[PDB]
Each structure stands twice: as structure tokens, then as C-alpha cells.
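Lettered A, B, C, D and E in written order, each chain numbered from 1.
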């Protein structure tokens, strides 16, 4: 309304909704497997 | 009714925990003073008898007691023995005050805090430095090759406040002056009430651990009792509504 | 006969409050959510002769603007603001808006968007060098590091527009984005200037400020009030039922 | 009339209606008294209704005296 | 919601950062020319409750965060390897 006093009005919400689930692309730790075929990526990259 | 009293009671105990949890989270923080919440009861209604209204926290007081020292072989770290604050220049231009003695040098010489904020007065360290000496009275000297004498650089002046508990905590290990803690008094460390400096040592947190555990026990039990109060008042109102 | 309406109104508006409270509790985990405060206001009916009837109506005097507990997520794009600070984001209708959700995402082409709203800096919406380790300083300075290149680069890009505005001067819009009130717009201009005294922390996300104690007490009070109004309605209805026999001669 | 009782004080300094000390004023409406008043008013209303209903038969039977 | 879970979580994360630094230092005891790491901890933003001047303000903390990890560039001990291609530095300096 037109305005010492509180503001009037009534704005009811509607609820919650998930918008996007994100994955944190931070480099993980390295685990040692002696087999010669496993390799680990040092940085921002993916195998095709 | 009596719900608007137990609501204030519950708010009080959650404030107490948020203070206790803050104290327990800053155990490993260098130069941290523990907060203590102070509670006060509200206005009484007189109709004579006096009916209460609840409880309201007033002001969390921090204890400025000298904590223990821990030895780090780093030559850029210093600890304060006594009361005093290192002055730091904020990006805006106003000065903050800190007790974290972990200092570094940035790419242009110059001592900065752990977050890179510059330490005043500004102490420019030369590149040919071999060993840096921060003395008892804040004299920062540097040793250079060939020279049989050390080259003096600057003085680490400590700021003393009349009321240390009134400083406003910015957040990032900085206190800024307020109305209740005005007139910062720069001084050479060791004179005019300022403390001395130990090079290679860092002041540890003031927080005592057993006190906080017992405090959480008390807070949890009081919170449970207040929830029981809310439940009893609700039940009385539910019985009333059936009439 | 109309006393059965007065109480009815209260009961109805009680439900309204409940909705608001639910709308708060559904957003207990929403980042940068500002819980809406509810308040019943009494309206008296003006007219002859004996002013006995006074109804209620619910209203929402803005939001609760006490900052919530921070969440330490190790993401450099996540920001938490100093108390009474706002990020400026372009809203849906090409106009400015203020938000506290500091979860900034990088688009495929390098646009900084919060919840799909492109963030606005000192020069407008921000264009980030496609693919870059963004680091935000304590006052909003953005440094971008391009992969592969050396680290002596970390060249700065821009600075966020951080706005100081207290809770009295701001009203929520229907999209959930806060804006200035008409009085505050008249007194402080249309678009607010960036305040360099606001400190912004990178790597922490601010949660909601929904107090559960207040919500529980509000639910208990609402239930009791609803039961009281239902009892009053029953009493009035029974009285009128008894009174409607007089008409029999 | 408007009751003269100590208005309930609730400490909410953030409310625009808080005074210098910060206590918002809540009405002095007691719950139990109002329910008791509602019950008493209803029972007085019904008693007067019963009185009218009782008198009514005598009223209608009076008019048969002349005819 | 408002709860001291969001403060104790940062406490746990801080202690875990400290433990990660400790483990990294322990794993490199035999590495030649390694500088020990130290974690510097500094608390989060403080929320100020506005009261209706006062000797002390009402301020509630929010937690702690690791901000600076320092490597102590002190001169370590020398070990003798009769291999003639091994060299050590007396002072500050780095091979390119």
C-alpha cells in the first residue's frame, strides 16, 4: 500500500524446486596400481 | 502466551551454541580470542507482582588473554607478548588491526599478512637479504653479503587500544576501531604499555576445550528443557481449544 | 449473523500464514534465501454505530535479512557477502536485480550467470575468456588463468558490482529477485552505485536464514488460533439455529 | 471501551514498530477469558430465546379471550 | 536453516586440511630438497546483530577457512652421495 508503520501486502511463495545438480571438477588424488595400463590425467582433460 | 518466552529461550541457547561452535572451529587459528555470550532478561510486566518476558543476549565479550606460543622456524612470523595489535592497510583505505603474526613478503619486497594485506608501517625487504631479524623492540634488520653490519629497515609499531573488547571483528582476522574502542595509540613495542615481539613464534588460540564441552552439555540440556516448556504450553492450549 | 464471518476470516488468514511458513521451510537448503516474515494486521470496520467488528488480514513485511551460516565449498566461483551486501544480476526483463545466491556458473561461451541470470559488473555483463580458472579477490576482482599458458599471467578481467542496501529499502519481486522500493528508488536513484567497502569471500556459499524455532512456534500458534476460530464459528452457528424459531408467530 | 492493561511486549528490534528499547506491542487479549465470555454469551442468548418462546404461546392464547 | 552444523563442518574441513598438510610432509621425508608445508588458518565473516554506544557489539562467528599454505625455505641438512653428479646449495637459489 501507500506509505513509522510496517509495509502491508501479502506475497505467498510456492515452494522449492531443484534447478541443476553440479559436479565439482577438481582433480582427485592418485592411487598407485603397478599395472602398466592405468594412467592418470594431471589436470583438465578427458579420455575419448 | 508463554510461547513467546520459550521462543526467546530457545533463541538464546542456539546463540550460545553458535558462539561455542565458532570457538571450537577456530582452535587452530593463530591469534584468536574466544567469544563469550552474555544474556539478559527482558522487561517485566507489573499488574504488585512481576511477570517476566524472556531473555535477550546483550554482547559477546572476547577474552584478551595471552595464549601459548608455538615454534615455527619461519623467520617472517612474530608473536606479541602482552597487549597490542599489528596495523594493516585495507584495500578501501581504512586501517584494520590483527594479532595473527604469520607474515609473508610479496613480490615487491614488503611484509604482508597471510591474505596479502600490507602491514604498516611498510617494511621493504631487499632482494640480497640473507637473514631477516625482527628484534625485541620491533627493529627489523637485514643481513647482506660482504657487509659486516646489518642494514636497518623499519620499526614494527604496535597499536594499543584503551578497551580491546570493543573492536569490531571484520571477519578475516581483522579488528577495526569502533566508538567504544577509539583513539588507537601507535607505540614502539616495549614502551607505553605495548607488548614485546618474539621472532619465529606464533601465538596460538586462547580457546579452552573442556569449558566448551561442558558449555555444550549445559546448552543442550537447557534447550531440551525449553522444548519441553513449549510442548507443555502447546498441550495446555490444545486442551483449551477443545472447550 | 456476521460474527460467523469475522472468526472465519481469522481462520482463513491463519491458513495463509501457514502457507508462508511452509514456503520458508521448503527453502531450508536453498542458497542465499531470505525468509519472508508474516504479520497479521487488524482492520476495524468504520460505520454506525457500535464498532465491535474488527477483522484480520495477513501481510508479509519484507524478508528477514540476518545472514545465514556459511557453507565452505572449495569452489572459487562461490562467494559470500558481507552483511547487507547484494550482487547485481540482470533479471528476466532486462532490468537490474539484487541476489545473495553466490553460486556463479560459467557458460559455454564464458558468460557468468547466477541461476541463469547474467551477472553484471562495472561495465555490464561479464565476458570471461572461454575456459579459465576464475579467482575472485576480497573486493570482487576477477582473475582469469588460461589453461596451458604460464601462471605469471592470472591477468585480471573485471570487478563485480556489489551493492549496499538495508532490508527496509528493498522489496522482493515475484521471480525471487530483490529490488529497490519506490521510496528508496526516489531517495537513492534508480541504479545503485557499487560500494568498495563491501567485502566478498570466495570459496564459501551462504545458506538460508530459516530459523526452525520460529517456524515451530508459528505452527503451534497457528493451530491453536485455527481451533479457537472454529469453536467460535460453531457457537455462532448454534446460536443462530436456536434464534431462527422466534419467527414462528 | 478499550481495555487498559499492560500491552504485551515482545523484543523484536528489527520490526519498524519497535520503540527505542525495541519492544513491539502485542494485544492484551487473553484466550481463556474470551472463550468463557463466548460460552456465557451463548447461554444467555439461548435463555432469552427460551423466555421469548415460552411467552409466545401465552401471547397467541390471549387473543382468543374476545373471540 | 540456522544451525551450528555449518560452523562445525568448516571446523572439520580445517582440521582435515591440516591433516592433509601433515601427511604430505610425512610422505616426503626422504625426498631430496623438499620444503615442509604449514597451513595458516583464519576465521570466516562475522554477523553483527543490530541492537536498540554499547561497550561491545553483539557479533556471531561463522567458521574458519584455510587461506595460506607456506613452504619454509630453510636450509636442510646435507647427505653424502659419492656420485659425482650430485650438488647441493648453501643458501637461497634454484637450478633452472
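The working rule: a contact is a pair of C-beta atoms (placed from the backbone, for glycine too) under 8 Å apart; a residue touches a chain by one contact, two chains touch by 3 or more.
Chain by chain, the UniProt names read as follows: B = Flagellar basal-body rod protein FlgG; C = Flagellar basal-body rod protein FlgF.
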{"item": "Both-way neighbours, i.e. chains that touch chain C and touch chain B", "value": "D, E"}
{"item": "Chain centre separation in whole Å, for chain E relative to chain B (CA means)", "value": "19"}
{"item": "Separation of mean Cα positions, chain B and chain A [Å, integer]", "value": "32"}
{"item": "Distance between the centres, which are taken as Cα means, of chain E and chain A, whole angstrom", "value": "26"}
{"item": "Intercentroid distance (Cα basis), chain D paired with chain A, Å", "value": "58"}
{"item": "Chain E residues counted as touching two or more neighbouring chains", "value": "2-4, 7, 10, 44-45, 48-49, 51, 62-63"}
{"item": "Per-residue overlap in chain D, given as positions that touch at least 2 other chains", "value": "14-16, 21, 31, 35, 39"}
{"item": "Shared interface positions of chain C, touching two or more other chains", "value": "29, 61, 69, 82, 199, 201, 211, 228, 231"}
{"item": "Interchain pairs in contact, sorted by label", "value": "A-C, A-D, B-C, B-D, B-E, C-D, C-E, D-E"}
{"item": "Touching residues (chain side chain A, partner chain D) in the complex", "value": "4-6"}
{"item": "Residues of chain D defined as touching chain A within the complex", "value": "15-17"}
{"item": "Chain E contact footprint on chain D (complex, rising order)", "value": "13-14, 18-22"}
{"item": "Interface residues, chain B side, partner chain D - complex", "value": "1, 4, 8, 42-43, 45-47, 53-54, 56, 237, 240, 243"}
{"item": "Chain B residues within the chain E interface of the complex", "value": "14-15, 17-30, 32, 35, 57-62, 72-74, 100, 102, 104, 114-115, 130, 163, 165-166, 168-173, 178-180"}
